[PDB]
Amino acid sequence: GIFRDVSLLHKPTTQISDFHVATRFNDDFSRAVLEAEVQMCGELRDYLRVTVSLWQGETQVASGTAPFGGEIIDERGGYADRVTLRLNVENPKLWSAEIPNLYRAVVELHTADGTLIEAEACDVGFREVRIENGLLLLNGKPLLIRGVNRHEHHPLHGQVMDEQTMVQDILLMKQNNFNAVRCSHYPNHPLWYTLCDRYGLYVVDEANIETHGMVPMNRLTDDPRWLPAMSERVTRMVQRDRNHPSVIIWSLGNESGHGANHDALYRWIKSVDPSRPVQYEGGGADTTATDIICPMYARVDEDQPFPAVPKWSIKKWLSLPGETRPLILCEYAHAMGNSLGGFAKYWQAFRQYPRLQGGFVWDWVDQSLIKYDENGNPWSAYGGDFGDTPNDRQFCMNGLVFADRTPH
Amino acid sequence: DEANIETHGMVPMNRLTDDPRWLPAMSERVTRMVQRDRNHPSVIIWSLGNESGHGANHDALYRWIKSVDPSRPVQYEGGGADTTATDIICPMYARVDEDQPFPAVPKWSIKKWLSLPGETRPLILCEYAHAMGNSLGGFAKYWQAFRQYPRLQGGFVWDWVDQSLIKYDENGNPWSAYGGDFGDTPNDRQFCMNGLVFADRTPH
Ligand code: NA
Ligand code: NA
Ligand code: NA
Ligand code: NA
């Protein structure tokens, strides 16, 4: 169904069509350069101008104005319908899940005399994400991911999300010492990223690609005829969400094996947005299509040597010959019912090994739905309770909290 | 095959090995060993000595060996067992699971050591499982780890045979003696007996 919002937007004929925000820093993060690239559609005129202003609350920190026309990029010239403005910020307040400092950037399309054609805005978080010497760093410091996987689920409204439920989830997660969320397994409602920017949570943004039921799992992802469809799902997500500071990692999807399309899209992301690592678990969790070893349900000490996709113990995985990447479990500690035995073992290992930088619990909230018996009394239902067949019964309930967000 | 260089008693341990005035003496002990033994097939690894800290002389002699005999790896434990003067992480008495974070020369657990950022070398303990008396508790843990981790390629037990000496009482009856039994002082008593076999080669 139509399970997210529907709206009408009116733009002028000459309009802002895209804008990108990037932050660069010096070695000690005491100086930052805010680079904003703005793109337009419509008739170009010599009087057109673009102004980008950066605000910290009520105070304007930086500003820049320029006519359209980018730098030369190849033999034929540059983009006449683009402009890049670079704003210097001294001693910027850095964004993190601990302290989510935010600035407000306003992008103005206006004529030279001063009349405003159109304005767009976005929240700006100054932070640098990079993998150096096998460690994932945020603002120069190695992260320890206290993560959880979260589906968009409501026991009454199905997969329709609301701001109140989102805020309730974020507050509960932070109150229970979580600092990261994986959008399993699709781009979320747009307000989710804004709330994560505001409250402080690292976000893994995941493409809407999962072909788990295929035999073999990469039958489609290794087929060039499905490359366009896969590419749309990756590229449109990046184009929508690349400005959000909370998003620190891109994911190519979930449980789709490993095919050449994964490698192609990994490289596309690395080319378009070098500011964020790319991860993907399929094909054994350490393929060429991931910057992070991200296995699902690899155990702390016990090896699980399956054919062609083994789940080594996470301690052993780090030291395999020629392996240097960090390891962050994209799913672990399956919380189905009376569960989470052995969680302390994982966290002992996370604290002992530098390149074990945490993981994402599976998962946040039970996917139970509400039904009414013969007396209007509600009761929580799972797979098979709606006449659906074949079904997977109670495997939909793997959460740390009940569907009404009461804790397990 | 190990060079005859050990300066364990120095304070700090590299006081001589970091002094260029002792480089000739150290170089003689390395180079003459290599010149004598480089034809033996059984020799697969050279060692620069034992427990002498880490000084520039170690790096110089490591490179000399690498230049003259590229056919054998070079190892050295001093200075924390993972310095620039060794091709193999070769700690002494690093434990399987427990870290021992001493200042400037920590003994990480061997499993953790392999995965330290930027570390790629194999790990072979030059000494482990100290067999002093009723000992070798926990040996199975080491060998479980050795079999599970590819880059944990074993180690050298300390050590083979007790260093006890024979003395005779008032009736010509022999008895095994250790440190201090010859009037030697100061001494380190029974720490000379760390072997898997007695001095007469009967097994423990
Ligand atoms: Na860690
Ligand atoms: Na499930
Ligand atoms: Na091994
Ligand atoms: Na001894």
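Excluded from the calculations below are hydrogen atoms, water molecules and symmetry mates; all remaining heavy atoms, backbone and side chain alike, are included. Quick note on labels: first sequence line is chain A, next is B, and so on, each numbered from 1. Counting starts at 1 for both ligands and their atoms, following the listed order.
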Examine all N, O or S atoms of [X], backbone included, and report whether one is under 3.0 Å from the Na ion (ligand 1).
{"X": "A/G358", "answer": "no"}
{"X": "A/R355", "answer": "no"}
{"X": "A/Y353", "answer": "yes"}

Next item on the list: Please confirm if an N, O or S atom belonging to B/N194, backbone or side chain, lies less than 3.0 Å from the Na ion (ligand 4).
Entry: yes
Next item on the list: Examine all N, O or S atoms of B/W158, backbone included, and report whether one is under 3.0 Å from the Na ion (ligand 4).
Entry: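 No.
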Next item on the list: Apply side-chain hydrogen bond (donor to acceptor under 3.5 Å, both in side chains) to the pair A/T221 and A/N218, showing each step before the final yes or no.
Entry: CA-CA 5 Å; A/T221 62; A/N218 73 348; 5.2 Å; no
Checklist line | Pairwise distance CZ(A/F3) to NE2(A/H189) - rounded to 0.5 angstrom | finding: 9.5 Å
Note to self: Please report, to 10°, the angle around the Na ion (ligand 1) from atom O (A/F350) across to atom O (A/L356).
What the structure shows: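 My answer is 90°, to the nearest 10°.
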Note to self: Checking A/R182 against A/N149 for the side-chain hydrogen bond (donor to acceptor under 3.5 Å, both in side chains) test, could you report, in this order, the C-alpha distance in whole Å, the side-chain angles of both residues, the deciding distance, and whether it holds?
What the structure shows: CA-CA 5 Å; A/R182 174 159 173 246; A/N149 287 279; 3.0 Å; yes
Margin query: Using ring centroids (six-membered ring only for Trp), state whether B/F146 and B/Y128 fall under 6.0 Å.
Written below: yes
Next item on the list: May I ask you to decide if B/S52's main-chain N or O and B/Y76's side chain share a donor-acceptor pair within less than 3.5 Å?
Entry: yes
